[PDB]
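In PDB author numbering, the protein residues as written are 9 to 633, 697 to 746, 756 to 1298.
Cβ atoms here follow ideal geometry from the backbone N, Cα and C, with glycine treated the same way.
First up is the structure itself, then whatever we jot down about it.
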Ligand SMILES: CCCCC[C@H](O)/C=C/[C@@H]1[C@@H](C/C=C/CCCC(=O)O)[C@H]2CO[C@@H]1C2
């Protein structure tokens, strides 16, 4: 993939003409990783990594030689000054041009000030001055992008070298240091702390060009307007701390919202996750109240933050007006006079020096500080203790053999007992050494010591040969299965097929689409644990080293495949291979040529399996211990009257902005056309101050009103969302995952909270300033309207031709960035496996090949934006050239003031036009959040919570529940679930449910609570369920869910969220479940704040809490589901006895997985694959041997079935015959 940047001219690299081909492909189809362009030879990650590592090693060597701390900053400066000084040389020219061109503006205006149509020499000099002006703008517009590319490329280069060295160091970290750090702290300086280098360079040169330009402009101002300049200049300096006091008060109102936004998101997580429980309990009004309170206390801080942001942006808007106003007020008050040249040169000087002082220099300070902090972090990460490179091997005679003598070691220098105590044993080729020991013996530490991963404290380890190692936890990296097995080794067909067959991988390969070529991501998300272990064993076999270490390989696989692996691979293939095995299955010890027992870190005994049979020590003994979106976004915030007022306020602000400078123009014209006589100063200063004040107030009003309207618009959208999701049926929650629903209320809501109203108040600001500039240039020279139409239309087409490729390349630099982090993560978790093989240098090449794929999409993202900016500045330069020259070919009609106004505004169009375009792109990027928010504000809705026909208060009177021909389906068009359900439930009876998992046992609750409006009829005391709203049907039925959940809050709430009960009632209810005492030893009585799902509570305790809830509701209907999954037997029988003897007179339906729970129930649904077949007393069903109840009783066993039948008979005989 050749790069046209390498074969291009200078005239082609200034206009980025080498990039036209790609754009043409980008206009037709979508862009992939093949349409991409490769990188320069001087940009491959390996090259920069090697160079900067060389300089860093030299610097640390000199630090050792001179006994002071080494600094990475010095290495960076040493490696980059020779190539960073060039950029500085050019930015000096750029700032010099930005300071020079006002003077030639002044010379043109001065030619207009002394107009004489006959003096053609002055006309020619003015044409020359205009030509120099266009040269300045064409070196500020066309040569500033082949500069900005290289300024961003220096940062790209620095970051790529940094990432390469970080990975290189993290590949050889010592376990002493690797344990004190984490694997999240080794990705959080390669994903968030190495990105600063991509930005600091962009502004680095402004730490010396900022002040220099601020002195040059000040000197020019003094030369032209004199001491009064300081006055205005003073105001500009005031903008430096004032900008850093809207930041130490914005960051106190922005980090005081997280303590509310995160609370709101966490409550939303608990609401969305357990929505079945909330709906069944009919509690969602309580969570609605809680989220309303949190969202209101979050909108308060968002409203202060947005008001402050709006005031800051209006200060940015009106700062130039204030500077010019105070400057010329002082200039006139000290006794001088206004002419149209000194005014409109000083204006451009103030514009340039303001754009430098208030915008670029603080950003450079911030970014240099962030880059210095990041450099300090990467300094700390590169001084961690390394691993001793495997040193000079003692001269052997060619005998590949492992011998250990008197080995002692510690994982920590603080541990009292050493991990190993004087181990002195060896192994020879062909001898399958094995280790027997319970967990905690040190067998893993033993293999680590064999690998050298554990530092020897005493003794010696002699390992001479290639080492093949298998970790206890199988480790798979990002790649195909064949590549996973090869692990860099070249493929050999017969050597790859024997591995496959001996590892029994054929089944797994035939299960997947690509056979053995299926791509396996990180953590084995596409594989199973057995597959991971088998692929790791395949890697170990195919690497075919001299020495093999296997730590618990067969534990996680089935018996047959494990036996096959041990026999035909470990016993057969490795019978000629040095092998050390750690095992937990005793069956495989018979084939071990040796056995070592390790305990308390000490050798217990080595010998053959026969000798341990003779020792009398049984092993078990040892092993046991569009446009519509914008309209909907703007309609929500305010009615259209306020929107029309907003438009009028924008127009008034911009018009007053323009008219202040127009007033300076008019003042100059009225002064030149004079005569001693004077000019009435009070009037002129009065209207000039009035225009300045109008500009300031209208800017502030516009900013606050736009922020208020869009914040209100977001507040309304969020409220509509939330109150439209609390009413969505559970089917919607089944279709969409939690993450997608728990992200459109934290990510999407957060984008329209304090992101959307900024790029939308900035975009309007700069769009109206551009329109003001264009309208001034058209009102001064109307003929400009003719050429300016071929500069609108072209622009429009341009903005398409770019946005059909930028959006196709700002996803490539995102979908090819994650592989770097993925490989870094996958290489640290299997790091021992990587370093066990000598091929650690080969993973460096894989990292580079994953980094020469993101430094190849940052290339296109850095050059396509420049191909757009060159043409935008060509359009703006055509505009300024036409304004500067066409004001001279028409010199007979214009005057000094009009020319000054038009030409100075055309000069300030630069950069402003680009920022307008950039914010337009960002708004069109961030309206997707509004689109998603408005997609959820129009979701499905279940039947309303209230109906006209409210039920009688006594209902249910008894509990009679009649299922009449109930046909229920989870989703429309899906499989029938309950089909002609016809049953009767008489008050107070106990009806168990039997069936298969998913055969309709858990759908009766789904249909009886109308979680999905059923077809058929259900009568609760002769009242149709579908004829009453949900909260008059669910409030009168209690339930015990499968997995109890406690909602974050006081224990008062998880029982009485509506405050409808009193402390004595709650205490009594908790006493009935005997957990009363268990609570009155907590910090609070009931007001103990809890964790997620009551993490300080047990599953049985949670079931007790729900049982207490059911007791508190004291309604005459009740449903139990999955009583005790794996709860301890004491709590099991406790719950069971409470289920009977508290709820004797409360009609009970029970859906249980077992029989003892429901053996004594009065009756039983028998559900046959979604069909009710048998329903009577359990003893009657046991009388008929053909009943499914009889069959599933007998399936348990003989004694169990006999006891169950005896219990049923006892119940029958005690009940029906008194
Ligand atoms: C994407 C290209 C942007 C061009 C930047 C241009 O040279 C800026 C000039 C001023 C802009 C302020 C820029 C903001 C700083 C950019 C830094 C950042 O966004 O991280 C807007 C306020 O008046 C004009 C437009």
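- Of the candidates 200, 148, 370 and 304, the residue whose Cα lies closest to the Cα of residue 253 is 370.
- The bridge partners DSSP lists for residue 1063 are 1043.
- Counting C-beta pairs with one atom in each stretch, the region 1048-1065 and the region 1256-1266 have fewer than three that are closer than 8 Å, which means they do not touch.
- Annotation: residue 772 to residue 27 spans about 46 Å, alpha carbon to alpha carbon.
- Using a 10 angstroms sphere on the CB of residue 221, the tally of other CB atoms reaches 16 or more, which defines it as buried.
- By the criterion of at least three beta-carbon pairs nearer than 8 Å, the region 890-897 is in contact with the region 926-943.
- Residue state for residue 216 is assigned as helix, using DSSP reduced to three classes.
- Inter-residue distance for residue 82 and residue 168 is about 18 Å (C-alpha atoms, whole angstroms).
- For residue 611, the uninterrupted beta strand (DSSP E) run begins and ends at 610-615, by DSSP.
- By the C-beta density criterion, residue 409 is buried, having at least 16 other C-beta atoms within 10 angstroms.
- Taking C-beta separations shorter than 6 Å and ignoring five residues to either side along the sequence, the partners of residue 469 in its chain run 412, following chain order.
- Within the same chain, 489, 490 and 517 come within 6 Å of residue 524 by CB-CB distance, once the 5 residues on both sides are set aside.
- The nearest non-hydrogen atom of ligand 1 is 7 Å or more from the C-beta of residue 944.
- Remark: the shortest separation between the CB of residue 1006 and any heavy atom of ligand 1 does not fall under 7 Å.
- Burial state of residue 789 is buried, judged by a 10 Å Cβ sphere holding 16 or more other Cβ atoms.
- Excluding residues up to 5 positions away in sequence, 728, 731, 772, 775 and 776 lie with their Cβ nearer than 8 Å to the Cβ of residue 329 in the same chain.
- In this structure, residue 453 sits near residue 428, with a CB-CB distance shorter than 8 Å.
- Between residue 1118 and residue 1195 the beta-carbon gap is near 6 Å, inside 8 Å, which marks them as a contact.
- Annotation: residue 1266 is outside any beta strand (DSSP E) and is labelled neither H nor E by DSSP.
- With a beta-carbon spacing of about 5 Å, residue 577 and residue 510 fall inside the 8 Å limit used to define contacts.
- For residue 1081, the three-state secondary structure derived from DSSP is coil.
- By alpha-carbon distance to residue 633, the top candidate from 714, 143 and 607 is 607.
- In chain order, 164 and 893 place their CB closer than 6 Å to the CB of residue 938, counting only its own chain and leaving out the 5 sequence neighbours on each side.
- Counted as a single uninterrupted DSSP element, the alpha helix (DSSP H) harbouring residue 708 occupies residues 699-708.
- CA-to-CA, the gap between residue 14 and residue 890 works out to about 23 Å.
- Under the 10 Å beta carbon count, residue 903 is surrounded by 16 or more other beta carbons and is classified as buried.
- Within a 10 Å sphere around the beta-carbon of residue 1051 sit fewer than 16 other beta-carbons, which makes this residue exposed.
- Set against 7 Å, the gap from the CB of residue 995 to the closest heavy atom of ligand 1 is smaller.
- If you draw a straight line from the Cα of residue 25 to the Cα of residue 208, it is about 28 Å long.
- The region 566-577 and the region 415-424 do not touch, with fewer than three beta-carbon pairs separated by less than 8 Å.
- DSSP lists 416 as the beta-bridge partner residues of residue 466.
- Excluding its 5 nearest sequence neighbours in each direction, residue 1133 has C-beta neighbours in its own chain below 8 Å: 294 and 1127, listed in chain order.
- Taking residue 593 as the centre and dropping the five residues before and after it, the same chain places the C-beta of 562, 563 and 570 closer than 8 Å to its C-beta, in chain order.
- For residue 520, the CB contacts under 6 Å within the same chain, skipping 5 residues up- and downstream, are 526 in chain order.
- Distances from the CB of residue 998 to the heavy atoms of ligand 1 include at least one below 7 Å.
- Residue pairing by DSSP places residue 1099 opposite 1042 and 1104 in a beta bridge.
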